[PDB]
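S.K.: The structure is given below, and queries will be raised subsequently.
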Amino acid sequence: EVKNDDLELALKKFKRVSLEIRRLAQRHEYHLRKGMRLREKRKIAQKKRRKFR
Amino acid sequence: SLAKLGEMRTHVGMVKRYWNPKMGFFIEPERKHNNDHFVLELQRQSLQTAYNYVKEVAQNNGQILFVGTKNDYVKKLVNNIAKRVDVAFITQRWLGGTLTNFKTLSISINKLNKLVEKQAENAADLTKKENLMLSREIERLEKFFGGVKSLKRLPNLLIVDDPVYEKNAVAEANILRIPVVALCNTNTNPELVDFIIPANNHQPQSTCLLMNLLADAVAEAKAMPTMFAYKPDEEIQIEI
Amino acid sequence: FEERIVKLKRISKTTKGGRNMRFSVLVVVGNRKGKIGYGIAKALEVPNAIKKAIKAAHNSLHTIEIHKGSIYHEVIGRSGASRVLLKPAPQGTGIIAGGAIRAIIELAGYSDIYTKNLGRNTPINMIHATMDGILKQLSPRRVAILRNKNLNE
Amino acid sequence: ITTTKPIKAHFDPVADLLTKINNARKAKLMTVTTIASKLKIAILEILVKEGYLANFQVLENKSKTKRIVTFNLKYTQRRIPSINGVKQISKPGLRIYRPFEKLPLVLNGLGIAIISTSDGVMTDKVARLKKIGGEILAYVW
Amino acid sequence: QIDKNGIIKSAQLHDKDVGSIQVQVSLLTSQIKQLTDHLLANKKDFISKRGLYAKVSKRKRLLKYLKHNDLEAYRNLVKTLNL
Amino acid sequence: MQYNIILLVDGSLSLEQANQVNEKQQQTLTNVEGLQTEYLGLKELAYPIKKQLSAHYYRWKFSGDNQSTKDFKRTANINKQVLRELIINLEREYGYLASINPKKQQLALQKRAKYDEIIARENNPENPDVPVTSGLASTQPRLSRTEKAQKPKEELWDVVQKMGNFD
Amino acid sequence: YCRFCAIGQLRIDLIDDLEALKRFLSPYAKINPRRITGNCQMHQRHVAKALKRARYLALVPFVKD
RNA sequence: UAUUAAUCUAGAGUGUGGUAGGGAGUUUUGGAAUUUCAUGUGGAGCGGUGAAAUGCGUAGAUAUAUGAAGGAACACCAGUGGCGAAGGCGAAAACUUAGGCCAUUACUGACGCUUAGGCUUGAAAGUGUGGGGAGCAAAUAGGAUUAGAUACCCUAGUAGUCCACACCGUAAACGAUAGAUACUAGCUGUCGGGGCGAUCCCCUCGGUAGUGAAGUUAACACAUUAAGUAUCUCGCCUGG
């Protein structure tokens with residue numbers, strides 16, 4: 001994930017990218033299950049269909 | 001004439017994809033562009049039935065109400081109804097029970113009138129904070145009783161601008177034995193009103209016409225000049 | 001307008017300290033002319049709850065037809081899963097029923113009836129089920145007129 | 001009356017009749033369709049003769065093999081349907097056969113029973129009079 | 001590879017009959033052989049094992065009917081896989 | 001059985017070795033043929049895929065017997081000159097509808113939509129208009145006619161009037 | 001904004017409509033969900049398979065731009 | 001009620017045209033990333049929770065960057081989901097390919113469905129054999145809050161987890177909803193088919209879901225896939 005815009009604007013655009021990577025890769029330090037993975041996929045689908053629509 | 005095709009300039013149209021099976025009778029099914037269109041002939045026949053029934057009720061000399069609970073359009077319509085024929089009417093909040101429960105509301109409106117009479121008789125006999133509280137209470141009673149304060153007796157017949165918009169009115173009318181006249185919409189249900197008329201409130205061409213003709217029925221019943229119900233196309237009161 | 005009571009339910013709602021006792025009552029109103037009306041209400045004490053239930057019941061009065069004044073067709077009434085079965089008793093076998101069932105049957109103007117209450121013994125749903133069972137019966141005239149065949153046989 | 005589409009066969013035809021009629025009165029429908037048997041056409045005709053349901057049309061496509069029937073439900077001027085809920089008596093696995101001595105009268109002389117005794121569909125009164133008993137098919141009152 | 005049309009035009013009884021009980025049982029037997037090769041190649045195919053049982057016992061039902069109703073209708077059908 | 005093959009050659013090497021890869025893969029397909037020899041030039045590979053960071057893209061679309069796939073994949077993976085050997089068949093699911101000429105309007109209007117940046121178009125890439133004629137061709141026909149008729153029945157008109165009169 | 005029912009090709013494979021497949025692909029080498037693409041989802045799931053193939057084919061990086 | 005004969009299919013299903021899906025199993029490949037190995041550097045920390053601690057570490061640990069071996073599963077794509085006999089399936093691909101979907105007029109022509117008997121599968125754990133322990137982790141070892149504590153947590157680590165023959169043939173096997181047949185709105189929203197159009201906003205019929213009419217239920221709540229409507233069948237609950 002490269003971000004090259006300016007001296008500081010590159011990091012301003014990289015803020016969202018870093019947030020996305022942190023939220024995506026945070027699930028490799030605790031217990032999880034594949035059925036629960038599909039469960040949480042459905043849950044986030046419902047969340048984005050109700051709030052983000 | 002009486003809900004003639006011309007009088008409804010363009011009253012067809014409603015929200016996208018909301019229609020009951022037995023509302024497929026008075027309102028044709030979903031359009032290619034997702035619009036429930038209100039038919040004209042069935043509107044005319046239903047309004048003819050409602051017109052004759054309200055005419056014979058007025059011959060019976062019962063008490064009626066023209067409901068203007070809606071913000072501006074129907075409120076102005078019922079104001080015109082009242083200025084054309086003198087009749088008790090409700091424009092503010094139709095309370096959740098004012099016909100099945102009206103005893104403690106009769107005493108409430110009597111307290112209101114008595115307090116106004118006393119204030120007319122009174123001229124600053126107390127501290128002004130108590131007068132401020134007096135006006136406070138008067139306006140508190142007005143903001144709930146502002147619609148229902150002109151009738152001292154239960155109505156023998158009532159009209160409705162929308163069956164879902166007047167749930168309290170239709171509920172209190174079904175508690176009693178008075179028939180209901182309403183302007184049903186395709187999102188409403190037709191198993192609730194004693195006189196189902198496919199008149200749109202979103203499209204004003206139907207509701208304005210029906211309010212004017214309901215006024216005119218009791219106007220001609222009272223032997224006074226009649227404004228509408230004989231014109232091929234009445235006043236175009238299209239709301240913006 | 002007898003406004004006869006059938007059962008009072010001892011109830012209490014928990015609140016911030018103590019328990020508010022607002023025991024409910026259920027009454028049946030009739031005027032010896034076949035009029036029937038059931039009403040359930042509640043208040044702090046007995047008289048207020050009784051008066052409220054009386055008003056609620058008398059607000060709607062219903063009369064049922066009498067022909068061969070038993071439940072001339074076997075029928076079981078359920079209101080909230082309470083079995084109350086009424087079956088035709090001949091006019092010379094004598095009335096055999098339960099107390100609440102006897103009250104409901106005799107208030108309607110009927111005669112000897114073959115009744116049977118089942119399962120639960122909570123009188124509120126007993127009265128509701130008995131009312132539903134007795135009031136859902138159709139008259140011979142009803143089918144005689146609704147059907148094209150005028151003869152009722 | 002051309003169907004323009006053939007209906008799908010049920011597990012049993014009398015239960016198809018019951019389901020179609022009950023869902024028609026439940027969905028506020030006035031026309032019902034069912035298979036066409038000599039027994040079933042006879043039962044529909046005898047139901048019509050006793051004022052329970054309206055006109056019936058037997059529809060044959062190219063042979064008696066593919067035959068159905070579409071019948072309207074009776075609706076009195078009071079908007080009350082004459083069909084108070086049809087029921088079957090000749091139930092698959094619950095085939096109840098009553099002799100002439102065991103022919104009953106429906107809810108104490110209010111309803112009509114359909115009895116095919118020995119030659120065809122017969123109403124309750126004629127079945128008692130004909131001193132012949134047999135199968136009881138359906139109950140409509 | 002399902003043998004969709006090939007097995008159907010073979011055992012026809014009449015001029016135009018693409019659903020003949022004979023051709024239904026022929027299709028069922030062809031699919032049973034194919035799904036048996038499937039099962040021996042794939043021992044852990046549970047869905048296909050269930051489908052194979054369904055097909056084979058429906059073939060048994062169809063054979064029972066074809067013997068029950070008309071002799072000639074299964075006089076030309078004696079090729080059912082056995083032994 | 002429909003078949004596609006995508007070949008990726010070893011690294012950023014010259015197109016001559018890409019043609020050598022073509023020749024090598026020619027003999028791998030024993031008798032099932034129909035392939036078309038096309039090249040997509042040199043395209044980079046973003047992440048290290050097997051050992052390389054770029055390749056030359058080739059596609060061969062044959063059809064026929066489906067047994068000449070496993071051997072192709074193994075001989076192309078064993079050979080160092082190929083890094084991707086991919087073969088596509090029915091497990092890839094797509095459309096080949098017999099009635100595709102009614103979609104030519106879509107063919108023209110999406111290319112118009114992809115060229116919506118010109119002023120000469122009024123239709124947006126997502127524009128609600130409902131232009132379909134709603135053809136069905138979805139009725140199972142049957143020829144039948146009535147045989148009996150008895151007891152005509154009628155009812156009142158469907159406008160409820162409570163008590164019918166209040167005079 | 002569909003790109004395969006709109007184009008009417010109806011034929012999805014590896015390399016014949018790659019730009020149409022990438023129309024649902026963000027520059028971040030990630031595909032937008034159904035709630036963002038809003039298409040018939042036959043073509044969107046075909047995009048899913050085709051671009052996961054592309055990641056396997058190293059057309060677009062796994063975790064990179 | 002059951003049988004007899006055949007044409008009609010209209011459910012059993014079948015044909016032609018199309019057809020979505022991570023179905024399943026078997027097979028093929030790949031490395032983003034970690035560990036070992038290779039190059040190094042570097043100074044005093046790393047490891048981590050509730051505060052920390054066990055533990056690794058001056059011999060070079062943690063870190064720092066890629067590369068061969070290794071094996072796990074394959075960020076987004078992922079759907080008010082699809083498929084799937086519930087069970088379960090998400091890098092990609094192939095073989096068999098089950099079943100989902102309509103246009104299904106056409107087609108043997110009642111053949112049918114449940115189904116105790118029986119057959120199969122039913123996650124995963126664990127475990128007999130052959131592997132890796134790279135990574136994880138039951139058991140295990142330590143520190144730690146509980147009055148201890150085996151229980152929260154953290155660190156490591158054997159079988160095992162992962163693969164194949166597989167076994168236990170058990171579940172929170174959940175839609176806590178047995179199947180098959182015929183029918184029942186609307187609407188909310190995901191999907192398939194045919195049809196015809198730019199795609200959504202088009203129709204029809206279905207798969208998986210919901211609010212909700214009639215209908216049903218003890219209410220919550222089912223509601224087109226019923227717990228409905230009726231049928232058919234099997235099994236079970238007649239108190240803990």
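Order determines the names: the first chain of the structure tokens is A, the second B, and so forth; residues in each chain are numbered 1 upward, and ligands are numbered 1 upward as they are shown.
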Give one line per residue of chain D that approaches chain H to at most 12 Å, naming the two atoms of the closest pair and their distance in Å to one decimal, counting only C-alpha atoms (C1' of nucleotides); sort by chain then ascending residue number and deliver it as a Markdown table.
M.R.:
```
| residue | atom | partner | partner_atom | distance |
| --- | --- | --- | --- | --- |
| D:4 | CA | H:105 | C1' | 10.2 |
| D:5 | CA | H:105 | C1' | 9.3 |
| D:6 | CA | H:10 | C1' | 6.1 |
| D:7 | CA | H:10 | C1' | 5.7 |
| D:8 | CA | H:10 | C1' | 4.4 |
| D:9 | CA | H:10 | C1' | 5.0 |
| D:10 | CA | H:182 | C1' | 5.1 |
| D:11 | CA | H:181 | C1' | 4.7 |
| D:12 | CA | H:231 | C1' | 6.8 |
| D:13 | CA | H:182 | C1' | 8.9 |
| D:14 | CA | H:231 | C1' | 8.4 |
| D:15 | CA | H:231 | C1' | 5.3 |
| D:16 | CA | H:182 | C1' | 5.3 |
| D:17 | CA | H:182 | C1' | 8.6 |
| D:18 | CA | H:230 | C1' | 5.9 |
| D:19 | CA | H:230 | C1' | 5.1 |
| D:20 | CA | H:183 | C1' | 5.4 |
| D:21 | CA | H:183 | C1' | 8.7 |
| D:22 | CA | H:229 | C1' | 6.4 |
| D:23 | CA | H:184 | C1' | 5.6 |
| D:24 | CA | H:184 | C1' | 7.9 |
| D:25 | CA | H:214 | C1' | 8.4 |
| D:26 | CA | H:214 | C1' | 4.8 |
| D:27 | CA | H:214 | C1' | 5.5 |
| D:28 | CA | H:214 | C1' | 7.6 |
| D:29 | CA | H:184 | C1' | 10.2 |
| D:32 | CA | H:183 | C1' | 10.0 |
| D:33 | CA | H:183 | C1' | 10.1 |
| D:34 | CA | H:182 | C1' | 9.6 |
| D:35 | CA | H:10 | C1' | 9.3 |
| D:36 | CA | H:10 | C1' | 11.8 |
| D:60 | CA | H:8 | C1' | 9.9 |
| D:61 | CA | H:8 | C1' | 8.2 |
| D:62 | CA | H:8 | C1' | 7.3 |
| D:63 | CA | H:8 | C1' | 6.8 |
| D:64 | CA | H:8 | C1' | 8.1 |
| D:65 | CA | H:8 | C1' | 5.1 |
| D:66 | CA | H:8 | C1' | 4.9 |
| D:67 | CA | H:8 | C1' | 8.7 |
| D:68 | CA | H:10 | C1' | 9.7 |
| D:85 | CA | H:229 | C1' | 11.0 |
| D:86 | CA | H:230 | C1' | 10.1 |
| D:87 | CA | H:230 | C1' | 8.6 |
| D:88 | CA | H:230 | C1' | 9.0 |
| D:89 | CA | H:231 | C1' | 11.8 |
| D:90 | CA | H:1 | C1' | 9.0 |
| D:91 | CA | H:231 | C1' | 8.1 |
| D:92 | CA | H:231 | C1' | 7.7 |
| D:93 | CA | H:232 | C1' | 8.5 |
| D:94 | CA | H:1 | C1' | 9.9 |
| D:95 | CA | H:1 | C1' | 7.1 |
| D:96 | CA | H:1 | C1' | 9.7 |
| D:97 | CA | H:1 | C1' | 9.6 |
| D:134 | CA | H:1 | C1' | 11.9 |
| D:135 | CA | H:1 | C1' | 9.7 |
```
S.K.: Per DSSP on the backbone, what are the helix (DSSP H, G or I) residues of chain G, as an MDAnalysis selection string?
M.R.: chainID G and resid 18:23 34:37 42:56
S.K.: For the strand (DSSP E) assignment from backbone DSSP, which residues of chain D qualify? Please present them as a PyMOL selection string.
M.R.: chain D and resi 31-35+53-60+67-73+87-88+90-91+94-95+97-98+112-116+121-123+134-140
S.K.: Which residues, written as a list in words, have at least one atom at most 10 Å from residue F:109, with only C-alpha atoms (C1' of nucleotides) counted and residues fewer than 2 positions away on the same chain left out?
M.R.: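 Once the nearby chain positions are removed, what remains is residues 103, 104, 105, 106, 107, 111, 112, 113, 114, 115, 116, 123 and 125 of chain F; 6, 7 and 8 of chain G; 198 and 199 of chain H.
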S.K.: At a cut-off of 12 Å, list the chain G residues touching chain F, using only C-alpha atoms, as number ranges by chain.
M.R.: G: 1-16, 19-20, 23, 29, 37-39, 42-50, 53-65
S.K.: Taking 5 positions as the minimum chain separation for residues in the same chain, which residues sit within 12 Å of residue B:103 when counting only C-alpha atoms (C1' of nucleotides)? Answer as a list in words.
M.R.: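 Residues near the query, excluding close chain neighbours: residues 97, 98, 108, 109, 110, 152, 153 and 154 of chain B.
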S.K.: Only C-alpha atoms, please: the residues just picked out, written as a CSV table (one decimal), in the first residue's frame.
M.R.:
```
chain,number,residue,atom,x,y,z
B,97,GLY,CA,-60.1,9.3,22.3
B,98,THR,CA,-62.6,12.1,22.2
B,108,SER,CA,-62.4,20.0,30.3
B,109,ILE,CA,-63.9,22.1,27.4
B,110,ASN,CA,-66.4,23.5,29.9
B,152,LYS,CA,-70.6,19.7,22.5
B,153,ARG,CA,-72.2,16.5,21.2
B,154,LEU,CA,-70.8,13.3,19.6
```
S.K.: Excluding residue A:4 and any residue of its chain fewer than 3 positions from it, enumerate the residues within 9 Å of it, using only C-alpha atoms (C1' of nucleotides), and give them as number ranges by chain.
M.R.: A: 7, 9-11, 13-14
S.K.: Do me a favour and pick out the residues of chain C within 12 Å of chain F, using only C-alpha atoms, as a list in words.
M.R.: residues 147, 148 and 149 of chain C
S.K.: Could you turn the residues from that selection into a file that holds N, CA, C and O atoms, as an mmCIF file, in the first residue's frame?
M.R.:
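Contents of again_21.cif, as written:
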```cif
data_model
loop_
_atom_site.group_PDB
_atom_site.id
_atom_site.type_symbol
_atom_site.label_atom_id
_atom_site.label_comp_id
_atom_site.auth_asym_id
_atom_site.auth_seq_id
_atom_site.Cartn_x
_atom_site.Cartn_y
_atom_site.Cartn_z
ATOM 1 N N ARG C 147 -77.746 -19.781 2.436
ATOM 2 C CA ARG C 147 -77.760 -20.751 1.350
ATOM 3 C C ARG C 147 -78.951 -20.487 0.439
ATOM 4 O O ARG C 147 -79.994 -20.000 0.890
ATOM 5 N N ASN C 148 -78.791 -20.799 -0.850
ATOM 6 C CA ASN C 148 -79.899 -20.656 -1.786
ATOM 7 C C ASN C 148 -81.070 -21.551 -1.405
ATOM 8 O O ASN C 148 -82.232 -21.167 -1.586
ATOM 9 N N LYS C 149 -80.789 -22.744 -0.881
ATOM 10 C CA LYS C 149 -81.839 -23.636 -0.406
ATOM 11 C C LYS C 149 -82.480 -23.062 0.851
ATOM 12 O O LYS C 149 -81.835 -22.971 1.901
#
```
S.K.: With a cut-off of 9 Å, could you pull out the residues of stretch 114-165 of chain F touching stretch 85-103 of chain H and give me the nearest pair of atoms for each, distance in Å to one decimal, using only C-alpha atoms (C1' of nucleotides), ordered by chain and ascending number, as a tab-separated table?
M.R.:
```
residue	atom	partner	partner_atom	distance
F:137	CA	H:103	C1'	7.2
F:138	CA	H:103	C1'	6.2
F:139	CA	H:103	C1'	8.6
```
S.K.: Go ahead and dump the residues you just picked, N, CA and C atoms, as a short mmCIF file (atom, residue, chain, number, x, y, z; two decimals), in the first residue's frame.
M.R.:
```cif
data_model
loop_
_atom_site.label_atom_id
_atom_site.label_comp_id
_atom_site.auth_asym_id
_atom_site.auth_seq_id
_atom_site.Cartn_x
_atom_site.Cartn_y
_atom_site.Cartn_z
N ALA F 137 -43.30 -14.48 -22.94
CA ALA F 137 -43.06 -15.79 -23.56
C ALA F 137 -42.98 -16.88 -22.51
N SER F 138 -43.78 -16.77 -21.45
CA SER F 138 -43.63 -17.59 -20.26
C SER F 138 -44.96 -18.18 -19.80
N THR F 139 -45.81 -18.58 -20.75
CA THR F 139 -47.09 -19.17 -20.42
C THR F 139 -47.18 -20.55 -21.05
#
```
S.K.: Hey, what's within 12 Å of residue C:93 if we count only C-alpha atoms (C1' of nucleotides) and toss same-chain stuff fewer than 3 positions away? As a PyMOL selection string, please?
M.R.: chain C and resi 70+88-90+96+111-114
S.K.: Can you tell me which residues surround residue E:19 at a distance of at most 9 Å, considering only C-alpha atoms (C1' of nucleotides), apart from same-chain residues fewer than 6 positions away, and format the answer as a list in words?
M.R.: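 The neighbour list is residues 8 and 12 of chain E; 13, 14, 15, 107 and 108 of chain H.
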S.K.: May I have the residues from that selection written out with N, CA, C and O atoms (P, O5', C5', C4', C3', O3' and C1' of nucleotides), as a PDB file, in the first residue's frame?
M.R.:
```pdb
ATOM      1  N   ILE E   8     -32.005 -41.154 -23.885  1.00  0.00           N
ATOM      2  CA  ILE E   8     -33.446 -40.919 -23.927  1.00  0.00           C
ATOM      3  C   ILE E   8     -34.041 -41.328 -25.269  1.00  0.00           C
ATOM      4  O   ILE E   8     -35.157 -41.848 -25.328  1.00  0.00           O
ATOM      5  N   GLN E  12     -37.144 -45.548 -26.676  1.00  0.00           N
ATOM      6  CA  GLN E  12     -38.456 -44.965 -26.929  1.00  0.00           C
ATOM      7  C   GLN E  12     -39.472 -46.042 -27.290  1.00  0.00           C
ATOM      8  O   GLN E  12     -39.180 -46.946 -28.080  1.00  0.00           O
TER       9      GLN E  12
ATOM     10  P     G H  13     -39.188 -36.258  -8.825  1.00  0.00           P
ATOM     11  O5'   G H  13     -37.862 -36.567  -9.650  1.00  0.00           O
ATOM     12  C5'   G H  13     -37.629 -35.939 -10.901  1.00  0.00           C
ATOM     13  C4'   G H  13     -37.909 -36.879 -12.046  1.00  0.00           C
ATOM     14  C3'   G H  13     -37.538 -36.382 -13.432  1.00  0.00           C
ATOM     15  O3'   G H  13     -36.154 -36.491 -13.713  1.00  0.00           O
ATOM     16  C1'   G H  13     -39.684 -37.366 -13.492  1.00  0.00           C
ATOM     17  P     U H  14     -35.425 -35.375 -14.612  1.00  0.00           P
ATOM     18  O5'   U H  14     -34.924 -36.173 -15.896  1.00  0.00           O
ATOM     19  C5'   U H  14     -35.468 -37.442 -16.228  1.00  0.00           C
ATOM     20  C4'   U H  14     -35.899 -37.501 -17.671  1.00  0.00           C
ATOM     21  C3'   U H  14     -35.497 -36.320 -18.534  1.00  0.00           C
ATOM     22  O3'   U H  14     -34.141 -36.346 -18.935  1.00  0.00           O
ATOM     23  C1'   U H  14     -37.753 -36.844 -18.948  1.00  0.00           C
ATOM     24  P     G H  15     -33.388 -34.967 -19.264  1.00  0.00           P
ATOM     25  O5'   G H  15     -33.787 -34.672 -20.779  1.00  0.00           O
ATOM     26  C5'   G H  15     -33.642 -35.679 -21.768  1.00  0.00           C
ATOM     27  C4'   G H  15     -34.423 -35.363 -23.018  1.00  0.00           C
ATOM     28  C3'   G H  15     -34.162 -34.005 -23.645  1.00  0.00           C
ATOM     29  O3'   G H  15     -32.950 -33.944 -24.377  1.00  0.00           O
ATOM     30  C1'   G H  15     -36.481 -34.368 -23.550  1.00  0.00           C
ATOM     31  P     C H 107     -47.136 -35.112 -26.222  1.00  0.00           P
ATOM     32  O5'   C H 107     -46.232 -36.177 -25.459  1.00  0.00           O
ATOM     33  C5'   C H 107     -45.262 -36.936 -26.162  1.00  0.00           C
ATOM     34  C4'   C H 107     -44.108 -37.327 -25.275  1.00  0.00           C
ATOM     35  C3'   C H 107     -44.423 -38.298 -24.149  1.00  0.00           C
ATOM     36  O3'   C H 107     -44.492 -39.647 -24.585  1.00  0.00           O
ATOM     37  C1'   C H 107     -43.049 -36.537 -23.343  1.00  0.00           C
ATOM     38  P     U H 108     -45.875 -40.464 -24.517  1.00  0.00           P
ATOM     39  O5'   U H 108     -45.584 -41.652 -23.492  1.00  0.00           O
ATOM     40  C5'   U H 108     -45.314 -42.972 -23.948  1.00  0.00           C
ATOM     41  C4'   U H 108     -45.006 -43.898 -22.795  1.00  0.00           C
ATOM     42  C3'   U H 108     -46.140 -44.103 -21.797  1.00  0.00           C
ATOM     43  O3'   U H 108     -47.034 -45.135 -22.217  1.00  0.00           O
ATOM     44  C1'   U H 108     -44.145 -43.524 -20.641  1.00  0.00           C
TER      45        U H 108
END
```
S.K.: Any idea which chain A residues end up within 8 Å of chain G if we count only C-alpha atoms, as a list in words please?
M.R.: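 Matching residues, ligands excluded from the count: residues 1, 2, 48, 49 and 53 of chain A.
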S.K.: Please compute the atom CA of residue B:181-atom CA of residue B:197 distance, one decimal, in Å.
M.R.: 7.7 Å
S.K.: Hey, which bits of chain H sit within 10 Å of chain B, and for each residue what's the closest pair of atoms and how far apart in Å (one decimal), counting only C-alpha atoms (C1' of nucleotides), rows by chain and increasing number, as CSV?
M.R.:
```
residue,atom,partner,partner_atom,distance
H:185,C1',B:21,CA,5.6
H:186,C1',B:20,CA,4.9
H:187,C1',B:18,CA,6.3
H:201,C1',B:33,CA,7.5
H:202,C1',B:32,CA,7.3
H:203,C1',B:32,CA,10.0
H:213,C1',B:20,CA,8.0
```
S.K.: Residues as selected, C-alpha atoms (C1' of nucleotides), written as a PDB file, in the first residue's frame, can you do that?
M.R.:
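Saved as again13.pdb:
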```pdb
ATOM      1  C1'   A H 185     -51.491 -11.015  -0.580  1.00  0.00           C
ATOM      2  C1'   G H 186     -48.765  -6.914  -0.629  1.00  0.00           C
ATOM      3  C1'   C H 187     -44.232  -5.144   0.749  1.00  0.00           C
ATOM      4  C1'   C H 201     -35.734   0.891 -11.667  1.00  0.00           C
ATOM      5  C1'   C H 202     -38.983  -4.746 -16.758  1.00  0.00           C
ATOM      6  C1'   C H 203     -42.871  -9.423 -16.299  1.00  0.00           C
ATOM      7  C1'   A H 213     -53.330  -9.483   4.903  1.00  0.00           C
TER       8        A H 213
END
```
S.K.: From the options H:239, H:206, H:109, H:135, which residue's atoms come nearest to chain A, counting only C-alpha atoms (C1' of nucleotides)?
M.R.: H:135
S.K.: For chain C, list the residues within 10 Å of chain H, counting only C-alpha atoms (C1' of nucleotides), and write the list as an MDAnalysis selection string.
M.R.: chainID C and resid 79:82
